[PDB]
Amino acid sequence: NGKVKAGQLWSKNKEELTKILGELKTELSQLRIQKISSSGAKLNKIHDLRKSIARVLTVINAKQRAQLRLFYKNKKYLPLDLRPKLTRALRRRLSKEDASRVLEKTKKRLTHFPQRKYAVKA
Amino acid sequence: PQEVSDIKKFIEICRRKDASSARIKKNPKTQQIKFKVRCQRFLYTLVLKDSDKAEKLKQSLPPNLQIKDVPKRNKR
Amino acid sequence: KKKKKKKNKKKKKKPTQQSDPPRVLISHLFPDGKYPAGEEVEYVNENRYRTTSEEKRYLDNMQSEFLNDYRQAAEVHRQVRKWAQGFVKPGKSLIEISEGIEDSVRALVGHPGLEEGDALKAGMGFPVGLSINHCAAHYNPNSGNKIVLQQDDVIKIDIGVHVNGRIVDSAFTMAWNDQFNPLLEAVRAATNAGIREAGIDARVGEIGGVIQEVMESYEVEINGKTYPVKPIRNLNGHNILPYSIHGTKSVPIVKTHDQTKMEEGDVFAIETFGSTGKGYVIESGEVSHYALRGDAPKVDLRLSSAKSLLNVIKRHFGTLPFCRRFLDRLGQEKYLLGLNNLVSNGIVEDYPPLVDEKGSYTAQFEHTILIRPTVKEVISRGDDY
Amino acid sequence: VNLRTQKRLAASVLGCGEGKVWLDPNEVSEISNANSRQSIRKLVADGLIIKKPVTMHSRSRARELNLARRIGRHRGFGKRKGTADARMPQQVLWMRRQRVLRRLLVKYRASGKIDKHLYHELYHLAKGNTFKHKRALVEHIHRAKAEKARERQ
Amino acid sequence: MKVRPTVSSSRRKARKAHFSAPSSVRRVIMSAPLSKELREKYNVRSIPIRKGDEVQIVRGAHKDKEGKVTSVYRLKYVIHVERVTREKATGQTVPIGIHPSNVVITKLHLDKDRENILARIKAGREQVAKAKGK
Amino acid sequence: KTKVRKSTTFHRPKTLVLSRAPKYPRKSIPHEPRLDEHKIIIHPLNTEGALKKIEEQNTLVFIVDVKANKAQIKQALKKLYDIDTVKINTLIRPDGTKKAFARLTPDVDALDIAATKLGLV
RNA sequence: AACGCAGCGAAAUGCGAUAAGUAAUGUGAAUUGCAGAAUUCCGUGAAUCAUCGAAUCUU
RNA sequence: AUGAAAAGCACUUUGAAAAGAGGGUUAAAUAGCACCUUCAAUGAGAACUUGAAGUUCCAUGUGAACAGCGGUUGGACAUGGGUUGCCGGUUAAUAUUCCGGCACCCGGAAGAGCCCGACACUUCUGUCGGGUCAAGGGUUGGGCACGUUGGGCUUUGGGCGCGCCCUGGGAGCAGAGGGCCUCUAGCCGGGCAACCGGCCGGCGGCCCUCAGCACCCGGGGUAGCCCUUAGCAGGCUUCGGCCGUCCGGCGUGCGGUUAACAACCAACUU
């Protein structure tokens with residue numbers, strides 16, 4: 001047994017990720033029992049096991065998040081956490097198409113009388 | 001704690017399924033034999049005077065019931 | 001007068017030789033009751049007169065019984081260490097080595113160590129030592145251990161035998177890779193140098209100082225890199241008292257100004273430790289070794305499990321060190337709680353394995369010497385070391 | 001040696017105060033390492049810890065004075081400090097006499113010694129402070145009955 | 001003189017950035033000049049020192065002392081080479097910290113990444129030369 | 001032409017309430033079950049009092065999370081150690097953690113459980 | 001704002017039961033008071049390093 | 001804000017300790033992390049510690065500081081531990097919360113607690129016996145006859161025994177004597193030794209004879225209990241008869257005049 005590398009975790013299905021998470025949590029339990037009155041090399045493993053559990057949970061979480069974004073592709077209403085977060089102001093700001101819209105009369109002026117590329121000699 | 005005055009009722013109380021245990025208490029200073037049976041809810045005590053009647057009762061109740069003799073100075 | 005039946009009772013010849021493993025009572029092998037003396041060395045320089053002193057010779061004769069049973073104990077040690085030197089090899093398990101050593105000792109001394117009082121009459125002086133690689137001392141496999149020695153192990157074998165509370169403690173090291181061989185000679189020289197230096201009125205700091213020149217005068221080639229041999233400063237020899245492996249006086253293996261003298265009638269354990277590392281060891285690993293303290297606090301134990309276990313230790317082991325397996329063989333079922341409570345209270349000290357830094361190699365040799373009134377007797381000397 | 005913990009523990013186990021616990025001076029060493037209720041309890045059985053008897057406080061003199069008052073030895077005027085009502089209330093004297101007189105009249109009516117008409121007349125006479133005590137009431141009844149007997153015509 | 005606007009010529013800011021520099025930055029600060037043999041072999045003037053290579057001391061009370069670095073101790077801006085020690089009162093030997101600027105690297109610790117580091121520095125130096133020599 | 005009314009009090013008519021049928025979950029995935037058996041049970045307590053409980057009262061003293069109740073403690077020990085309990089008594093220590101005394105069923109011996117379940121070994 | 005989290009910490013700093021942090025990218029041998037690791041670089045890669053686009057985020 | 005770098009002081013010695021004197025590091029230490037009484041015990045030291053006599057909680061330790069004197073002591077310091085509807089018990093520290101029992105005149109209940117004892121006991125551990133119920137007032141006693149209820153006790157008659165003592169079988173166990181064979185130890189003659197002959201200790205498994213304790217099966221006798229009839233288990237006499245000289249109560253004439261008398265029990269108050 002040893003520290004779990006995050007590289008190999010990314011290539012495992014969900015159910016195998018769940019199985020390894022249970023083993024890691026179980027090992028941390030009994031190893032945390034022995035901590036009373038003992039100083040030495042025993043402690044290093046529980047620190048590694050805690051961080052090992054964290055890596056697995058992120059991998060399970062990340063693979064779950066990626067699947068949800070795939071399912072909710074081409075969907076009008078996405079969940080709140082899957083929706084982009086920039087700031088409150090940027091989300092209420094007008095859409096790019098809306099802020100750049102023009103009227104019929106303004107479009108007619110620009111079509112026939114836009115700003116020209118002119119030069120004046122001396 | 002409740003008393004059984006009649007003999008016949010006492011065996012039926014000792015016969016019901018929730019009779020966990022029973023004991024015999026001897027009072028030599030008065031010649032009283034106390035038959036106590038413990039059920040789910042109550043402890044039933046039957047006070048006896050004649051030891052001749054006592055011997056008939058001990059072998060009449062169903063054998064499954066555990067009976068003790070209540071020794072003096074029960075250790076903690 | 002009644003003439004009763006008297007069937008012929010063939011006088012069995014006493015056995016003259018030992019077996020593999022050793023099971024023959026030692027008294028069978030020495031039918032006259034006299035056991036061999038150890039190595040006898042005259043004191044040096046201003047103490048040479050001691051050899052022929054009439055008054056000191058008679059004084060020694062007052063303790064003839066002390067001398068002769070100890071000589072028995074030393075002879076038992078030599079035969080058991082010969083067997084051990086012939087048996088230990090890569091591929092042997094620690095469990096079977098320990099069981100074989102104890103059975104041989106117990107058979108030879110005639111004490112199964114199951115009945116009350118029996119372990120206090122004679123037998124093991126302390127738990128055997130089976131120390132691998134970086135472990136210098138105080139490692140013993142507990143029940144169920146499955147570890148097998150490998151080619152690259154360095155194993156320390158430390159055997160103690162007592163008779164009537166007089167304990168012979170001697171220890172030696174084996175290795176099988178020739179690059180590890182030089183370590184044994186280095187430590188051997190210091191032990192042998194101690195033998196030359198030991199004596200009445202000798203100052204212990206000089207022994208420690210001499211040890212320093214010899215250890216740093218040796219080096220060993222390991223895997224292409226050279227390491228000087230360093231004394232393990234924080235280990236020391238000791239005096240021996242009845243039924244107690246450690247007395248109050250120490251003989252260091254580094255220089256000091258200590259003005260403690262070796263004295264007539266004393267017994268000393270001359271032990272040396274060498275290391276390729278820092279030269280001091282720390283406690284690390286699973287604990288197997290324990291010993292009741294002579295200066296034991298007389299705390300009124302609050303735990304009943306402890307209340308029993310302590311008496312069992314005193315009755316069966318007294319102040320002699322013991323191990324867990326010595327409890328298992330008595331029939332105590334689950335007892336660690338009382339034992340750990342006793343350790344926590346401080347009545348009974350637990351002796352964890354002692355290790356130098358990871359990747360280093362250590363060697364150990366030990367002898368017991370008796371400081372007799374006329375001469376020094378290195379009683380545990382043999383042809384191996 | 002500090003035995004303050006031992007004295008507190010002994011008092012709790014002995015079921016007494018801390019001022020009654022006696023610890024043997026000549027065995028302060030064994031008491032010193034008691035440091036538990038069981039060990040303190042063991043030293044009680046071994047006679048090392050003993051509960052002192054209570055200080056003597058006797059009511060013998062109080063009994064002697066009470067007996068002397070029953071015969072009238074310490075009842076003088078100089079021995080009274082309160083009012084006669086505080087010492088012996090008139091309200092309880094009146095209540096005692098009323099019940100005594102009423103109880104006497106009740107059994108006389110039941111036994112037939114007097115009829116209801118004489119009983120009723122005597123009941124209000126008693127309520128009116130006519131008879132000092134029991135003897136006066138019976139003396140009155142005897143005189144009245146004789147006169148009632150006398151009218152034979 | 002300083003020209004670029006982003007560069008600061010303030011003593012206070014320079015002292016703060018140097019003493020409070022993180023571990024990655026402290027590696028670049030703790031650089032040592034290569035030996036002339038390696039300087040002409042790799043065309044590299046200096047390298048960030050690393051634990052695992054032999055070093056010669058050129059300044060201090062321990063001049064002309066050769067030994068391999070046992071620890072690159074970045075917190076104190078010092079390194080420890082072998083056999084440079086000082087005895088305490090107890091007689092225990094403690095390593096003496098030497099600044100990487102007072103030493104010269106006579107042998108390198110040859111790793112796969114040090115090849116890239118040396119290749120990057122070398123390729124840059126002649127590349128500059130061709131541009132300047134035009 | 002209008003329905004009769006037996007009372008002079010007008011009451012709001014009953015109209016149906018449609019259940020919520022959101023077109024998107026406000027939270028993408030439900031949270032993992034918080035405070036499972038590993039989070040609840042932290043470590044047994046090795047102290048003179050706690051060990052005394054094991055030998056005499058057949059009870060095990062544990063240190064659990066301060067925000068767990070007796071129902072969760074009983075379930076945690078059963079699914080993690082396969083040990084049953086007749087009752088559990090919990091207190092919150094002054095340091096801020098929860099101490100749980102768990103009396104085991106009479107069929108099992110707690111002292112063995114400490115050895116087998118590695119409580120103290 | 002409160003309460004917790006470090007092998008050994010009380011404060012500060014940092015973090016949130018994934019807790020003195022995780023993932024990903026860059027760089028490329030350390031951290032350091034004592035402990036304790038990793039490549040042994042051919043994938044696999046220290047550190048409270050830098051960056052930081054993925055997550056966790058107790059009351 | 002020591003010093004470039006902790007190189008921050010090894011070791012010896014005095015002192016209970018703090019520290020001092022040497023010695024050492026440094027370029028520099030003119031840079032040292034301040035850059036009420038008596039006795040006894042404990043202890044370097046006792047008026048204010050202890051025994052006997054007259055989170056502050058708990059345990060262990062303790063240099064400085066504090067406890068306006070001291071301090072070995074502490075609510076101070078250091079490090080551990082402690083907080084889980086009645087009775088009894090349990091802890092160094094929690095209990096109506098833990099454990100056991102039992103619940104929402106008699107049973108509980110004497111088996112509990114409390115006093116006395118005896119023997120053991122290093123401790124793991126106690127074990128077994130005994131007890132522990134002049135005036136001011138009350139309560140009884142009302143009788144004879146008759147009839148009726150409990151019949152308090154006894155005799156006869158009827159029913160149910162097995163308490164003891166006498167007789168048959170067994171079970172388990174204990175000890176003394178004799179027989180079978182197995183292991184270990186001492187003495188004598190012989191024998192190079194091996195081995196062969198005689199005496200002696202521990203044996204020590206099995207069989208036979210004698211003495212003692214506890215248990216089971218089958219046959220005899222009571223000695224105890226329950227029920228009825230008669231007397232109240234009775235005494236006197238004409239010997240017919242009479243008294244009911246048994247206790248307890250209830251109903252009908254009385255008598256109620258000296259119960260205004262006796263006995264018994266009780267506190268206090270001029």
# chains A, B, ... in the order shown; residues from 1 in each chain; ligands from 1
$ residues_around --residues "segment 25-33 of chain F" --least-positions-apart "5" --cutoff "8 Å" --atoms "only C-alpha atoms (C1' of nucleotides)" --output "compact mmCIF listing (two decimals) with N, CA, C and O atoms, in the first residue's frame"
# COMPACT_ATOMS: atom_id res chain seq x y z
N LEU A 68 -22.32 15.87 -16.35
CA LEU A 68 -23.49 16.74 -16.30
C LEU A 68 -23.43 17.82 -17.37
O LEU A 68 -24.44 18.11 -18.03
N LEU A 78 -29.74 25.53 -17.63
CA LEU A 78 -28.75 24.72 -16.94
C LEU A 78 -28.89 24.89 -15.44
O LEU A 78 -29.40 25.91 -14.97
N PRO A 79 -28.43 23.92 -14.65
CA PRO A 79 -28.43 24.09 -13.20
C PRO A 79 -27.58 25.29 -12.80
O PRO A 79 -26.71 25.74 -13.55
N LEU A 80 -27.85 25.81 -11.61
CA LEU A 80 -27.20 27.04 -11.17
C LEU A 80 -25.69 26.87 -11.09
O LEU A 80 -24.93 27.76 -11.50
N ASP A 81 -25.22 25.74 -10.56
CA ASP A 81 -23.78 25.54 -10.42
C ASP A 81 -23.10 25.27 -11.75
O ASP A 81 -21.93 25.61 -11.92
N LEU A 82 -23.81 24.67 -12.71
CA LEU A 82 -23.23 24.46 -14.03
C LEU A 82 -23.25 25.71 -14.89
O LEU A 82 -22.50 25.78 -15.87
$ residues_around --residues "residue 106 of chain E" --least-positions-apart "5" --cutoff "12 Å" --atoms "only C-alpha atoms (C1' of nucleotides)" --output "VMD selection string"
chain E and resid 32 to 39 41 46 to 47 49 52 to 58 64 to 69
$ residues_around --residues "residue 24 of chain G" --least-positions-apart "2" --cutoff "9 Å" --atoms "only C-alpha atoms (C1' of nucleotides)" --output "MDAnalysis selection string"
chainID G and resid 52:54
$ write_last_selection --atoms "C-alpha atoms (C1' of nucleotides)" --output "PDB file, in the first residue's frame"
ATOM      1  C1'   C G  52      -4.418  28.946 -11.256  1.00  0.00           C
ATOM      2  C1'   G G  53      -9.219  28.318 -16.223  1.00  0.00           C
ATOM      3  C1'   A G  54     -11.413  22.433 -12.241  1.00  0.00           C
TER       4        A G  54
END
$ interface_residues --of "chain G" --to "chain F" --cutoff "12 Å" --atoms "only C-alpha atoms (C1' of nucleotides)" --output "list in words"
residues 3, 4, 17, 56, 58 and 59 of chain G
$ select_by_dssp --residues "chain B" --states "alpha helix (DSSP H)" --output "PDB file with C-alpha atoms, in the first residue's frame"
ATOM      1  CA  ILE B   7     -51.365 -21.160  44.839  1.00  0.00           C
ATOM      2  CA  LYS B   8     -53.008 -21.995  41.514  1.00  0.00           C
ATOM      3  CA  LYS B   9     -52.651 -18.470  40.122  1.00  0.00           C
ATOM      4  CA  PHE B  10     -48.937 -18.496  40.979  1.00  0.00           C
ATOM      5  CA  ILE B  11     -48.091 -21.427  38.687  1.00  0.00           C
ATOM      6  CA  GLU B  12     -49.940 -19.812  35.776  1.00  0.00           C
ATOM      7  CA  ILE B  13     -47.964 -16.630  36.436  1.00  0.00           C
ATOM      8  CA  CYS B  14     -44.817 -18.760  36.391  1.00  0.00           C
ATOM      9  CA  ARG B  15     -46.080 -20.468  33.223  1.00  0.00           C
ATOM     10  CA  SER B  51     -42.740 -26.163  54.231  1.00  0.00           C
ATOM     11  CA  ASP B  52     -44.650 -29.336  53.354  1.00  0.00           C
ATOM     12  CA  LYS B  53     -46.626 -27.299  50.823  1.00  0.00           C
ATOM     13  CA  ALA B  54     -43.379 -25.690  49.642  1.00  0.00           C
ATOM     14  CA  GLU B  55     -41.841 -28.930  48.370  1.00  0.00           C
ATOM     15  CA  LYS B  56     -44.898 -29.780  46.270  1.00  0.00           C
ATOM     16  CA  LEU B  57     -44.816 -26.372  44.552  1.00  0.00           C
ATOM     17  CA  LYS B  58     -41.127 -26.408  43.529  1.00  0.00           C
TER      18      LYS B  58
END
$ interface_residues --of "chain C" --to "chain E" --cutoff "12 Å" --atoms "only C-alpha atoms" --output "ChimeraX atom specification"
/C:233,254-256,278-279
